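Participant: Numbering (our numbering), first residue to last: 1111 to 1309. Every residue, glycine too, gets a C-beta built ideally from N, C-alpha and C. Provided herewith is a single structure, encoded as structure tokens, for subsequent inquiry.
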Ligand SMILES: *[C@@H]1O[C@H](CO[C@@H]2O[C@@H](C)[C@@H](O)[C@@H](O)[C@@H]2O)[C@@H](O[C@@H]2O[C@H](CO)[C@@H](O[C@@H]3O[C@H](CO[C@H]4O[C@H](CO)[C@@H](O)[C@H](O)[C@@H]4O)[C@@H](O)[C@H](O[C@H]4O[C@H](CO)[C@@H](O)[C@H](O)[C@@H]4O)[C@@H]3O)[C@H](O)[C@H]2NC(C)=O)[C@H](O)[C@H]1NC(C)=O
Ligand SMILES: *[C@@H]1O[C@H](CO)[C@@H](O)[C@H](O)[C@H]1NC(C)=O
């Protein structure tokens, strides 16, 4: 009887865990019909892990659960079924997403200010500190204040989209039309922007 896989679908597209619950991911491979399963990461056999747990079904399907997900866990995870063996490949990629949020116009001691917060979620890498930039604009001027937000090491874990971590804050003082434009925060090789517009 020919052995085939009904899941996961045959694809080379990247696969990412849902960032609302990014601490764990379950990868399941199932046979088309009613087995022994082997799991590999880049062709290397995965018991000894304690964050990679493999559980068979009550044998037509096998599931690999990765707990304590961190950015370094990204790789090609393959499930091989046998009674020619059939192998399915999951290209598990772990994104880092930057988000720049604005407080809007805020009055501080009679002066209007705007506070932009650089937030991240997903799987931080701790490879590049947050950096603020703005085209045609010197952010080292007196009208701007940059306040880093010192957080714990995030590269060993994950950050849920429901609980975003603020990394830095840029405050613009005495808002005028000349302050309009894009403000970008770049973290860990990723970036996000917010456009200040008084219109
Ligand atoms: C096992 O093999 C894995 C695959 O290896 C690749 O394929 C083989 C055939 C070889 O050619 C090998 O050289 C290839 O790398 C391998 O996993 C791969 O690791 C690389 C490097 O870590 C990953 O590249 C990075 O991926 C992340 C994640 O992308 C997602 O998130 C971003 C947003 O954050 C989205 O935009 C994407 O669409 C994805 O949703 C990227 O963020 C990252 O980009 C940043 O870094 C690069 C390089 O520094 C910069 O140029 C960019 O501008 C960004 O700053 C990289 O693209 C690759 O995704 C990953 N492939 C997988 C998991 O399939 C793994 O390392 C090998 N070893 C082990 C032990 O697993
Ligand atoms: C904003 O305007 C107030 C009032 O004129 C002034 O006291 C304050 O120093 C100004 N802020 C900056 C950053 O120049």
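Measuring CA to CA, which of 1185, 1129 and 1165 is closest to residue 1154?
Facilitator: Here the closest residue by C-alpha is 1185.
Participant: Take the Cβ of residue 1238 as the centre, count every other Cβ of all protein chains shown within 10 Å, and call the residue buried at 16 or more, exposed below.
Facilitator: With fewer than 16 other Cβ atoms within 10 Å, it is exposed.
Participant: Between the C-alpha atoms of residue 1136 and residue 1197, what's the straight-line distance to the nearest angstrom?
Facilitator: Approximately 17 Å, taken between the alpha carbons.
Participant: When you compare only the Cα positions, how much space is there between residue 1172 and residue 1133?
Facilitator: Cα-Cα distance, rounded: 20 Å.
Participant: Let me make sure I understand the geometry here. Which of 1159, 1144, 1230 and 1212 has the alpha-carbon closest to that of residue 1264?
Facilitator: The candidate whose alpha carbon is nearest that of residue 1264 is 1230.
Participant: Can you tell me where the beta strand (DSSP E) with residue 1282 in it begins and where it stops?
Facilitator: Segment 1275 to 1283, the beta strand (DSSP E) holding residue 1282.
Participant: What number of angstroms, rounded off, separates the C-alpha of residue 1122 from the C-alpha of residue 1226?
Facilitator: Their backbone Cα atoms lie some 37 Å apart in a straight line.
Participant: Per DSSP, residue 1286 is paired with what?
Facilitator: In the DSSP output, where bridge partners are listed per residue, residue 1286 has none listed.
Participant: Among residues of its own chain, excluding the 5 on either side of residue 1142, which ones have a beta-carbon nearer than 7 Å to its beta-carbon?
Facilitator: 1114, 1115 and 1116.
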